[PDB]
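Note: hydrogens, waters and symmetry copies are ignored here, and every other heavy atom, side chains too, is used. Chain letters run A, B, ... following the sequence lines, proteins first, then strands; residues in each count from 1.
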Amino acid sequence: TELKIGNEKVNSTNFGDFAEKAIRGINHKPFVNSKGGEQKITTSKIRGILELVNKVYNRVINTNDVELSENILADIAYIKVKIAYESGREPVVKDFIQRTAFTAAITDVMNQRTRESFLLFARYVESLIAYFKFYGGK
Amino acid sequence: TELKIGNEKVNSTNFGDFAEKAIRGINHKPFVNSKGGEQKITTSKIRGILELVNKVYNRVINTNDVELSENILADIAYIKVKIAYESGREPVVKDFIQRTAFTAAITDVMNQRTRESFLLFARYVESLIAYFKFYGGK
Amino acid sequence: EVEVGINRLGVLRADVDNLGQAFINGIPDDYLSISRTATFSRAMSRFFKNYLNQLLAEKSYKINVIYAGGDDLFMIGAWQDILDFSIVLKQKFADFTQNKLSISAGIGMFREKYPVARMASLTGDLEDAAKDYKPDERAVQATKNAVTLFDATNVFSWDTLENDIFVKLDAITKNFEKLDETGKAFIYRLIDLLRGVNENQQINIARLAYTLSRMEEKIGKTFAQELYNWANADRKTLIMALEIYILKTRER
Amino acid sequence: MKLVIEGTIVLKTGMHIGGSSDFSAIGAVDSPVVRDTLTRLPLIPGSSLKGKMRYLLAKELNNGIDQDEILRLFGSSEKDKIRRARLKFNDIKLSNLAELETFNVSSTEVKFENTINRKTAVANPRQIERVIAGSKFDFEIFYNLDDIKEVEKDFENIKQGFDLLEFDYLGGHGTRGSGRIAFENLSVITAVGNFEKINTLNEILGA
Amino acid sequence: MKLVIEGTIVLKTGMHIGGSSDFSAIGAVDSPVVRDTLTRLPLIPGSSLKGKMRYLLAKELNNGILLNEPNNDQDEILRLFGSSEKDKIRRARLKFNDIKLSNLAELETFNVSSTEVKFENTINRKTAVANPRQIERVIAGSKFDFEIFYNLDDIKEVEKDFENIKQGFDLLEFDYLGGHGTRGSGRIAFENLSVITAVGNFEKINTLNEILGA
Amino acid sequence: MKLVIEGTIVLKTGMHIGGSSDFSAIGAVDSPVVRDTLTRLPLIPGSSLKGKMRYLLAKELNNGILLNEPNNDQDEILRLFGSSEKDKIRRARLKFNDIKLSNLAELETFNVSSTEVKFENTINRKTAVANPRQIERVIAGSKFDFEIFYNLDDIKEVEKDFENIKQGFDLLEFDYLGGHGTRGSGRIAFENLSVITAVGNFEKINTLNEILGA
Amino acid sequence: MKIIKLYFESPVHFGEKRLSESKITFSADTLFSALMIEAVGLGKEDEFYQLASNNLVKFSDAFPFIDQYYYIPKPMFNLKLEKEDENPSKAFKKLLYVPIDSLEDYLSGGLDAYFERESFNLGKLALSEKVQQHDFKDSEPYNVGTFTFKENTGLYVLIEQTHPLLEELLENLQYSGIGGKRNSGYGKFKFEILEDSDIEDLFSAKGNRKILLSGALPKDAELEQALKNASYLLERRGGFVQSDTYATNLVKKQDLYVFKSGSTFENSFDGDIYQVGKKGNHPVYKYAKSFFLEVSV
Ligand SMILES: Nc1ncnc2c1ncn2[C@@H]1O[C@H](COP(=O)(O)O[C@H]2[C@@H](O)[C@H](n3cnc4c(N)ncnc43)O[C@@H]2COP(=O)(O)OP(=O)(O)OP(=O)(O)O)[C@@H](O)[C@H]1O
Ligand SMILES: [Mg+2]
Ligand SMILES: [Mg+2]
């Protein structure tokens, strides 16, 4: 629990509702590009976020330590670096990363340094992708 | 696993934050030209530096060996030589190297000689490029 | 004789509520006569014995009634026959008594060699758990108008509550006969994660997110979200209706 | 005159004792384990441990060659040879919940199995609820000092039965991998009276 | 008397021996393996090993054909693995046990994890569109120390019982050990096989130990 | 009886089989090749080899057309690769294995690693701008020694099984294995195709070799 | 006076006629049988019989206690003085045990009928499916009716003038269990003699109506005196003699019919220790002495 987001707090029970709220906020009022918008992020761009998170979820799902190891923490920091990098490449990705406060959750995971915190963060991201599905498509 | 960027030791978890600090410091207070001007390092030059790091990282990563062999260390010393050449050619590149500890980081890798040290160095340089793309833009 | 179902023995213990009080003060004092009391007594006895016999003989019921007599009822037969005759018994009692006397039951599942004395004792204490039912702990005395369904703690009713549980059971039976026959494995997932909700809630909202995620060409998400809609307001109702549906439709 | 035999049972490969038929779904746990009636914690019934230990000893002390030892240690009522008991087994409650909760893991697991038809090559997925490995079951066995001479032989047989259980299983589908156990902390201390040779009885179990 | 058969199951290729669900995400591991629930170590169920070994031995004790129920296969198979036939209940001589990963430290010597995620997919042919799938597999090079208890009901069948046991271990060499074996997975090897007496000193255990170790 | 089909797969061009588990940097590699997790040695999954061989052989044997579902292929393909149809289950007579590259010492003699980096790009036909990628690829000249298990069930149609095995192998030789085959990658060759008896001896095993080597 | 509190660490089988069912309390003849078996164990059965037959150790049966609420079976009052109000009907029929401090309140009326039963919750009856494994024959499935108490709950025994010998016997009875399947994993308890102060006043009280607190059979002399304005209930106390040194086989004993432990009398009688095994070679005894609780309606 205790996953800070920037304006609110998602505990272990409250990731799916926040994810659906963020997706609705994304689905409502789509992004504005140079040409007034308006296309939305692609399924194979939230893909990259999902496999990035899973590349540590697979390594943390099967363990019993309360606090994450230095190898897992390094990979979470690297996920943060990657999500910072790819946001600069495309603006339709950066609005997804901002409106859904990925960076605050990652930083809180890196501050808690606990297994349950990262499990909650991964659950939040997975619910986010799941809710992008069934609202959009393509 | 404990790099020696400047006067502050860099571990395997603070590479992203310290690279972000390095990029923001350069972005906020940039290099001043000799002829009373302001300019940064281009994306092409830092991308070439990353390519240089990618040349050796692409062969180091496909290994399980604890310590880098003599060929990898020779290539790392050559990359340090090319860093010195780039610093001597364009003063903005020298400034970019000096504001970070990219020379000091490569010297620390050369002195440690372990695979994990260069892995952390590659992580740090990748994060430098990531936060250039995020902050400097394109 | 069943083809799809369960190999359990279902029993029924139906006891009319407050019949002794219906004799002590139920009949009006002004309309008090030996002939009227005898009429009521004989009507109730004839109802029980004769009409239980005739109602079972009306069509093919797999029931082997042990005792009808008066004010009491014992039955042993097919589990689904017990379940679908409980409603028949309640509606017939309401029709014959003009919705004046309450009745309580209790159903238990037993093996083919379970102790019949233990069967009767367990069904009796379930019957008592149905007798001591109160929606709120403020009024004096119990409503007594309830049925326990395989557990003493599972005290359901015969009113709009049972109406809801049976509407849910019929809807689930109609809808969930024909799935993709592969995605149905989520049913036990739901059952074992809703067995009791006073603990880690993460997996429940996770299953909600998974149900939202499931996206193909199917019935759609009308009922796939009606499951969520009925998954919060009706927790015990959903688990009870779902377990009844599972036992009815189990390939056993 | 009364001895209590302490000790701990450690689950090694996961154990499935008993069947309590209730609350089954389509997936379900097709066979659950025995639990406490109130706390719902899994347990080893004293009858199960007693019966399996008696089985191992009877098949050991005889080898197809019950005897006086088994009848005097577990009792008898057959037709004329009524021997009362010396061992008084107890229900063994799950001790490891403080330890098992530190791993954020339940005390029981659902083991997924199947049988594959040999004619149609068609599988059949059964689920077996199982008490996870590493669970500890501290127990107590009360022994009555009816005779002071036979104590050494009785306790040698008790230790032998424990040892036979070590190379066997305790409950459920053992030959299919389940139910391996071990014993440690095996001590006997007199509870009522005073046995001067309690040292050699502890040395019997200590060995 | 009781005998203990020790050995190591070494994975030649990755093994997907599991079917247990452990709260898996949508696209993280679409098929996890069975593990020790407390230690999270990868696990070879004794039921899985017993069933595959019994199938291979019962087919190779006919030979080549096995279409009957497990209780009608063969006297050797029934006396070794167990029969529940009503007329003649047979007690199994082999007591298999769930097998856990032994050389996790040796795996960490190479800075590798215990398992892996193998990305597969399926190509439809009327539309030529793929369909991925990620299955977890224990790493090739993983070792599983096992103990299988054997009980001597009579010492006039122990030699042939260990002949059959070694034969079943050999037949597992050229088959898989449960999972997507036909598609690469599940290949195992048997090493350091030995038999020791649990209590006592069996007279002819040297023949058993020389026939298990070949 | 069971037979082991040995042989070597030699890469003619670079060969890429996808599957990614960790740490794809932002200037180094965008699509790594599948590797043996412990030894880091690149491998050919048995799933991919089996799938490509089955596709090519099923297409060749049926009519030259193949649009059906795998459990409705021809009877040779069904009996050789398996079938999961409800009432008609064919047990596979082939057990493919994961195939690690064997000539790493030969590669190290030539002072090269087993994998290269291939630089590609796509050019947008509108603006003529290039989008570069970086495909890891196992270098040509790499050799992958394999072993396929053949379960000798029917003593008479083993010859037709092996003729179809050789036909599928030859179809692979005039095609690609894994990855971006139509864009240059994936070419392979087969050599030292020899079937040997897993245990015992087979009467037509000298015949099965000469219908594999020819 | 001397509440003996029994705290059970395992479910108990206190069967009434068969193994498939258990009841929640054991009677005083069961406890005397257990203590006599213990005394035979340590060789002083004669002194124990002398003590119990000389009223030096007379006890009631086992009643429930919940959180220091000592319970008693619903006394068999004639209810002649309650028809004016309350519910003289099946409301006071499911009520099985009332607290012993609130008896005069219950006797005079004003105790809630519904509230007590849910307040009275001490564990629950359990099924225990067992078998006799046979190597080649079919296994024999049987079930044992058991009962597990709550955490702060058990049984309590009323004893007047506790004895050093009785204290010695109760120490031995800890480790031999009490009830049906005690040599199996069921009978197990620890006890505390636990002198009490608010309880001895109830038994130092006076009144016309006497509440029988132990299943007792009057002597032939005072049966006529005790059976006058009495509201009692009989119960058969038989079964099998539990001893390996009796009649060289498994033989039943003479069924004894005694007044239940909730009956009420106007005349105090002192019961007897009854010889129910005579054809065997040791005296099988049925403890049926009387233990009363006088009240005033
Ligand atoms: N005419 C008449 N008959 C019987 N009792 C009568 C009558 N007038 C007054 N009374 C008074 O009522 C009570 C009855 O108590 P009880 O003696 O226990 O007798 C049984 C049973 O014999 C009797 N009964 C059953 N069936 C009939 C029929 N068909 N006709 C007449 N009487 C019948 O009623 C009693 C049943 O007891 P319970 O089932 O336990 O009652 P409940 O409704 O289930 O209560 P609850 O558990 O729901 O709360 C005496 O006081 C008598 O003087
Ligand atoms: Mg009634
Ligand atoms: Mg009645």
Side-chain angles (χ1 to χ4, degrees), chain D residues 12-16 30-31 109-118 121-130 132-133 169 172-180, chain E residues 5 7-22 31-37 41-59 66 70 77 80-82 92 94-102 114-115 135-140 142-149 165 168-187 189-190, chain F residues 91 95:
Chain D
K12 295 291 187 180
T13 61
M15 186 187 63
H16 166 269
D30 301 292
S31 76
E109 66 194 356
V110 179
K111 192 201 171 145
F112 288 78
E113 291 216 36
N114 67 46
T115 179
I116 295 169
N117 206 4
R118 292 180 178 179
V122 179
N124 193 357
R126 54 219 173 74
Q127 314 201 17
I128 302 97
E129 169 96 353
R130 216 165 63 154
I132 73 155
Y169 56 108
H173 320 68
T175 51
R176 261 169 316 278
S178 312
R180 191 196 182 151
Chain E
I5 299 141
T8 310
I9 292 168
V10 189
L11 265 51
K12 303 290 111 172
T13 73
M15 187 186 62
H16 184 70
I17 206 162
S20 72
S21 185
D22 65 321
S31 299
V33 293
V34 55
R35 326 175 77 108
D36 187 8
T37 304
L41 269 176
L43 186 88
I44 291 191
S47 62
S48 179
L49 176 71
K50 183 188 178 183
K52 188 55 144 164
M53 182 167 148
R54 194 214 183 110
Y55 174 75
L56 298 172
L57 198 40
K59 177 148 60 45
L66 181 78
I77 312 296
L80 215 52
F81 297 83
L94 298 174
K95 202 269 161 183
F96 286 78
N97 300 290
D98 293 340
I99 317 164
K100 286 187 290 186
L101 180 48
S102 76
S114 58
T115 76
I135 61 147
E136 201 190 346
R137 303 193 309 167
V138 194
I139 302 303
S142 303
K143 289 174 174 284
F144 290 80
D145 290 25
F146 64 82
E147 310 212 302
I148 302 161
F149 313 130
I165 284 160
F169 285 151
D170 297 343
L171 300 163
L172 269 167
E173 297 290 329
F174 301 102
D175 201 2
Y176 47 107
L177 196 48
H180 318 265
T182 298
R183 272 170 323 263
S185 303
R187 187 192 189 168
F190 283 92
Chain F
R91 286 204 212 239
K95 188 269 183 182

Are the side chain of E:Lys50 and the backbone N or O of E:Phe81 linked by a donor-acceptor pair below 3.5 Å? yes
Spell out, as yes or no, whether a donor-acceptor pair under 3.5 Å connects the side chain of D:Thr13 to the backbone of E:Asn97. no
From CD1 (E:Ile135) to OG (E:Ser185), nearest 0.5 Å: 4.5 Å
Output the distance between atom CZ (D:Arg118) and atom CG (E:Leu66), rounded to the nearest 0.5 Å. 4.5 Å
Please name the pair of heavy atoms, one in E:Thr8 and one in E:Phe146, separated by the smallest distance, quoted to 0.1 Å. N-CE2, 3.7 Å
Listed partners of E:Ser47 passing side chain to side chain contact (heavy atoms under 4.5 Å, CB included), at least two apart: D:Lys111, D:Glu113, D:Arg176, E:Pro45
With the side chain counted from C-beta on, respond yes when E:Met53 and E:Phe169 share a heavy-atom pair under 4.5 Å apart, and no when they do not. yes
Taking side chain to side chain contact (heavy atoms under 4.5 Å, CB included) as the definition, give me every residue that meets it alongside E:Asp170, ordered by chain and number, with sequence neighbours left out. E:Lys166
Let me see the working for E:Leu11 and E:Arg137 under side-chain contact (heavy atoms from CB on, under 4.5 Å), right down to the final yes or no. CA-CA 10 Å; E:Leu11 265 51; E:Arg137 303 193 309 167; over 6 Å; no
Can you tell me how far apart OG (E:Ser102) and CD1 (E:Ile9) are? Round to the nearest 0.5 Å. 10.5 Å
Taking every non-hydrogen atom, the tightest pair across E:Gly14 and E:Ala140: N-CB, 4.0 Å
Going by side chain to side chain donor-acceptor pair (under 3.5 Å), name the residues that satisfy it together with E:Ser31, two or more places apart in sequence or in a different chain. none
Non-hydrogen atoms of E:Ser114 and E:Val138 that approach each other most closely: O-CG1, 3.5 Å
CG/E:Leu101 to CZ/E:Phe144 distance, rounded to the nearest 0.5 angstrom? 5.0 Å
So do the side chains of E:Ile17 and E:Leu177 get within less than 4.5 Å of each other, counting heavy atoms only? yes
Heavy atoms of E:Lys12 and E:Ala189 approach each other most closely as CE-CB, 3.6 Å
E:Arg35 with E:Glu136: basic N within carboxylate O range, under 4.0 Å: yes
Please check: side-chain N/O of E:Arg54 versus main-chain N/O of E:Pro70, any donor-acceptor pairing under 3.5 Å? yes
Distance, nearest 0.5 Å, that separates CG of E:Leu41 from CG of E:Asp98: 12.5 Å
Can you find a pair of side-chain heavy atoms, one from E:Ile5 and one from E:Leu94, that are under 4.5 Å apart? yes
Could you tell me if the side chain of E:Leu171 sits less than 4.5 Å from the side chain of E:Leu57, heavy atoms only? yes
Rounded to the nearest 0.5 Å, how far does CZ of E:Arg187 lie from NZ of F:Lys95? 6.5 Å
Salt-bridge contact E:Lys59-E:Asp175 (side-chain N to carboxylate O under 4.0 Å): no
I'd like to know if the side chain of D:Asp30 and the backbone of D:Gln127 have a donor-acceptor N/O pair within less than 3.5 Å. yes
Hey, does E:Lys52 have a side-chain heavy atom less than 4.5 Å from the side chain of E:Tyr176? yes
